[PDB]
Structure formats: C-alpha cells, structure tokens
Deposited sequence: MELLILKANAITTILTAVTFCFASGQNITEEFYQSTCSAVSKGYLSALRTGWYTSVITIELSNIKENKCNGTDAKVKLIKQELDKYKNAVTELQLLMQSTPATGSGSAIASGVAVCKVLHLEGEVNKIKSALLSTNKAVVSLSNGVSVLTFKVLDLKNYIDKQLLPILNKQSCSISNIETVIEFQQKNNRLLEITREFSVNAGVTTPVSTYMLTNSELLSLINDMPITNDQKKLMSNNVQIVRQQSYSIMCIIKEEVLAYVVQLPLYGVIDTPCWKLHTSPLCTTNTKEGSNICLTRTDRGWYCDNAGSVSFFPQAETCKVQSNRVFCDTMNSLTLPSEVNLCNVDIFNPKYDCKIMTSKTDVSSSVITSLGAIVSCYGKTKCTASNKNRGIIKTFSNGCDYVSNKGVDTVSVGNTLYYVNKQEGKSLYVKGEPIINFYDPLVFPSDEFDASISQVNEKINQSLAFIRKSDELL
C-alpha cells in the first residue's frame, strides 16, 4: 500500500522494488463528446473574419471525416471506432441530440444496446442562431470578444484533429476539460473505488485515453473519447532492475558476463503475473502503477522464483551473455546498481561531502538516503529521493559458476536451461576427442 522496499541480489546483479499497488487498464469505455453547430464597419469585419474561421473549421472537419478512423493498427481505438460507425446511422445522432437539449450531459442507448455517456461541451447553435445572426450591420465590440472566446475551442479542437489525422492521445483539455472529464468519471459504470482512483489521477487518465473524430451530421459535431477501464486495482506490483554481472580477472578481455533480461514492471493479476517489458507503458504515482495490458505478457506465478533462486527448474529464467566488461550503472527506485569492471573509476557522492564511496570491481548497490550522485567514468547519474527500506541479499555471483572456455559469449535472448544444454553439447564436443587417443 506504501512502504516501498527494495532488495538487491549480489548473486544476479539485480534488484526488486516491492510495495507498489496496481491500476491495470483492462478495458475501454467509449463516451461521445458533442458540439452543436449553426447552419448558415470594423465591428462587422471582425465578425466576418471570425465567422470565416468558424465555417472554415467546419468544412475542414467535414473533409477529415471522409471514411477516416484508424491509427497505429494496434487496434487500440477499435472499441471507439465501433461506436463511431454506429453514430453514422440514420437516427443515432438524433438520439444524442434529443437527450442533450437544455442540458450538458446525458446517457443514450444506441440501437445496438450500447449505453454511451454523452456530453455537450459547446453550444454554437444557441449562440450564433440567437445572439449573433439577429444582427452586414452595426454592433458593439464586446460581442466580438464574446464570439471569439466561444469559437476558440472549436478552432483549437480542429487544430489537434488535423495534425493527428483525427485521433489524438493523450486527451487535451481542449477535447475534455477537467470539469467535463471528472463529470464523465462520476457517471460511467465503475466501482466507487475506481471513480476515486480516476478522479485523483485525471492526468494519468488523459495519458491512457484517446479522442477520435467521428462525424459532422445534422448540425452536431461529435467525437468519441475512449476512456480507460481499470479492472484490476490494489494488487501488488514490483519493478525489476538488472545490470551486467561479470567476472573480474585482472587481464582485460579474459572475463565473461551475464545479464538478466526480464527487467520491467510485474503486477499480480488473477492468479498469474502481468509483465510490462516496456516501462514506457507504465505510469507511477509514487506507490501506484498504471499500466496498459495491451503491451503485457501473462506469466505464471513462478516467474518470481528468478528473484529467489535463478536456477530453479520450475521456471526457465532468461539471461543474455557477453564478454565485454564495460562499466555501467542503473538507478533503481531506492538507490543505484553499480557494475564496475576493469580499470574504471566508480564512485558515489553526496552533494555536500563529495565522494563517500569508491566501488571495487564487480556488481554492488547503494541506497539513496545519503547519496546524491553516482559517477561511472565519464557518466554522472542522479539518484531518486524516494523513501523506503533498502536490502542487500548476499550471494555468490552466478557468473563464477561458469567455465569461461565453454561459456557461450553471444546469447541475446537465452535462458538458464538453454545456456546449460548449450554448454553440455560443447562439453560433449571435446569429450568424444578425449577417449580416442
């Protein structure tokens, strides 16, 4: 729930940050956002130009809606586009227009059964058709300002759609203000906990949402905002940090290296573990992790055994190998992993004291409590100042269990088992020559 803990494993040159809580996007909720349109001195010329801006944007969006919707072809906006193709049917936009008369928001059930939360964020019909057309003529300038303020959002929404080919992510305050999004969260069919979670992190909700331009028909401008559904909440999460583990023979080039490849975020999900290899897809609010299951791999509960016994036969833990013993560092949640090899100078420093630690050759770990920076040669690393408990788990480096002569130097996506039987066959290669003579 809080109380971030972190364990570094001397044996595998890796660390695990535990104590986080999950918020996993497992589904999508489509909502329909609508703008109603009016079909139609220096005071008047300002109105002339501003009305030209209004209608130019409408025709611009009308050109954009011509059988457009698609992005990335990851089929992420597939759920939203499905609603869009339905909105293109005879009286479906009219249902939305009917419910939103003299209101800002409404629930509509399309003839497919899909209930959509609908919102009217701007009324240019009831402005142009009731205050602006009623007057080439004369006017007072503070109507020019008022028309510019209202028309601005339509122009800015057309701005985003044109440059993003009708689909935008993340969702801007132009597409949906905090007020409008918080209202939408309040009424979409989710747990009181899910509503609380989304409302406290609307910025993250924007990151994992889409705005899809749909249709301009019957004087309604409608676009679909595809909101995330977090169906997995409050389950344990943990992040795995990995760094190369090499031998430290004195002579340069005579060393063999090994690195765990399964780094990223892991979260419990219904008896299995969801793994997100691309830390891009996860957002962290200092004890809560929001991740998209689209880029997730569903793994057994036994994958955690790679943190306690990397040689267990129940799971085939993945590593890569090399014989390049370069010096590098990784910044974890509560500290830093420092892989110092060869002649390189590696240090940890406090901004007020200077160097308070010099690392020896090998893989080591320091916490962030009294350290500000870490230097590995020509690179300067800054540590996070998150608060937690840091643990060091003693153990023999597993790179010492391998014979350098039979060790597979180049393996990019191997594993403990695959490396072993690769070694077995190379041991058999020498062996059948060991009894001929």
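*Asks:* According to the record, which stretches of the deposited sequence lack C-alpha coordinates?
*Replies:* Seq positions lacking coordinates: 1-24, 65-72, 168-172.
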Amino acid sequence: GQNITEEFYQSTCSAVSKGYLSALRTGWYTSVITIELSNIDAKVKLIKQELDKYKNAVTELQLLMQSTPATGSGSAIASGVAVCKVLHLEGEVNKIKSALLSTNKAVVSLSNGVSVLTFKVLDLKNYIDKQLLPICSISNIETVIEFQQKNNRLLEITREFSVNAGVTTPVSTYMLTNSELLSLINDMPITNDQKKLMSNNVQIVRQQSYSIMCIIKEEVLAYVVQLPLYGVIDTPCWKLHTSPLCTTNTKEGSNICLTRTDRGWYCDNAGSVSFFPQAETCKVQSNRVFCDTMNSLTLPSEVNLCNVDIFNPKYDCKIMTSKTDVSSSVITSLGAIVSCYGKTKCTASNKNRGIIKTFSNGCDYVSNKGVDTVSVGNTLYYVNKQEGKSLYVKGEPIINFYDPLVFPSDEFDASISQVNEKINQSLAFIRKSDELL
From here on, numbers count along this sequence of modelled residues.
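*Asks:* So 227-235 or 253-261, which one's hotter by mean CA B-factor in the entry?
*Replies:* Higher of the two, by average CA B-factor, is 253-261.
*Asks:* Mean C-alpha B-factor higher for 351-359, or for 316-324?
*Replies:* The recorded data point to 316-324.
*Asks:* From 415, 17, 22, 11, which pick has the Cα B-factor that tops the rest in the entry?
*Replies:* Highest C-alpha B-factor among the listed residues goes to 415.
*Asks:* From 388, 395, 69, 370, which pick has the Cα B-factor that tops the rest in the entry?
*Replies:* Out of 388, 395, 69, 370, the record gives the largest C-alpha B-factor to 69.
*Asks:* Taking the entry's C-alpha B-factors for this chain, is residue 46 in the lowest, middle or highest third?
*Replies:* As the PDB entry reports it, the C-alpha B-factor of residue 46 lands in the highest third of its chain.
*Asks:* Would you check the entry's CA temperature factor for residue 57 and let me know if it's in the chain's lowest, middle or highest third?
*Replies:* CA B-factor rank for residue 57: lowest third.
*Asks:* When the deposited Cα B-factors of this chain's modelled residues are ordered and cut into thirds, is residue 379 in the lowest, the middle or the highest one?
*Replies:* Highest third, going by the recorded CA B-factors of the chain.
*Asks:* What third of its chain, lowest, middle or highest, does the C-alpha temperature factor of residue 134 fall into?
*Replies:* It belongs to the highest third of the chain when residues are ordered by C-alpha B-factor.
*Asks:* Give the position of residue 112 by CA B-factor within its chain, expressed as the lowest, middle or highest third.
*Replies:* It belongs to the middle third of the chain when residues are ordered by C-alpha B-factor.
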